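Shown next are two forms of a single protein chain, provided one at a time as structure tokens under the names structure 1 and structure 2.
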Structure 1
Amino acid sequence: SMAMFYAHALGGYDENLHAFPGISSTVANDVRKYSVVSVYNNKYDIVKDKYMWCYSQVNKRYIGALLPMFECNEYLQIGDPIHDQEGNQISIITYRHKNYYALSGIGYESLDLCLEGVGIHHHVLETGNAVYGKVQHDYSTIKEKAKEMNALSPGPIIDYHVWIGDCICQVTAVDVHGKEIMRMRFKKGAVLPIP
């Protein structure tokens, strides 16, 4: 039966289907393996070694992941089918950053959250900056901040912070005092979508 893809931005989230950033689908395509994709008889190259951090928030559920992206100067519409080089539909158009479009599916490093009670914020990580909790700065400032917060007892997580940089991505969680409760690091460079 035909593979279906529903755009979350058009109210298409379905908990029974596979969940990717901006997409609920009846199939689960591993989109890491594609170097070329097709949209309406036009071929586009997947960018090597830089990705797009994409996320949707549907039904108090956060669905984020590092996705492959391809360069296309033409305007493509949300929901347009994306094909492989054998005519199979593998995704739909979702997110964009200037002339780059995300290829959503089973992609790279991902973050899923239950959004009730916590907040989430997205930042561009400036090159050369280190990250602690809800702040980013030069290494020495961050190191001194971390040592200061070492005296405090950890409280419950209230906010998550996503840091998207040219060489690395990170996700931190803080309590009400700004103490870093958790840090994950994704060793890839990426960009954020532009609405």
Structure 2
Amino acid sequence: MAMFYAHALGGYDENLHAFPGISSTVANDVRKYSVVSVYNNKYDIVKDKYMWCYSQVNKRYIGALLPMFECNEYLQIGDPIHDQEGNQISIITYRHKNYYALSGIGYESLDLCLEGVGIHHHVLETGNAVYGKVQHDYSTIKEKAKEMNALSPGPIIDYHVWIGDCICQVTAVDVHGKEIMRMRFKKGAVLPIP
């Protein structure tokens, strides 16, 4: 039978499959579920909105956009999540108010070696723009970008994850704050609340 261990309960195992918050003997594609069950309750997966979840274990960052389901009850880390036939497919990992992540093989992802670099997570305000390590309104960011355009790029020292209601982005900056890289994931999402 498939086994699932929560990183938050010390369950990371380098020889198992790793997903945000989970080490598992199986690699389940959780994109295909529209409903899940936990204990005696069934819950619907939210359409078109996701949760950016991540764990950091052994100087390794594992982050991804995961499906989430709505549940007004409090569920605890490690509680088994089942499909409609009663097979276990995941465990409870992360929560945002009444939303719970379904961790496994999910949507867009970021994996990082954390040697020599940091990583930071931000809620991106709707209508804000991003440059490098900051968000602000479009006019302020436009002026910020002009100021930094002149700088010569140096090596990346930090990543910044920007989780917005209609787009998710990751930027990387050098020691002067110049933007060295940007990836865009065309999905809206929320971050977990610890």
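Take the two forms, find the largest set of C-alpha atoms that superpose within 1.5 Å, and that set is the rigid core. For numbering, take structure 1's sequence and count from 1.
- Just a single entry of 146, 46, 157, 58 exceeds or equals a 2 Å CA shift between the two structures, which is 146 (rigid core superposed).
- A displacement of 2 angstroms or greater separates the C-alpha positions of residue 137 between the two structures, with the rigid core held in common.
- Core superposition places the C-alpha of residue 116 1.3 Å apart between the two structures.
- Its Cα shifted by 0.2 Å between the two structures, residue 167 is reported here after superposition on the rigid core.
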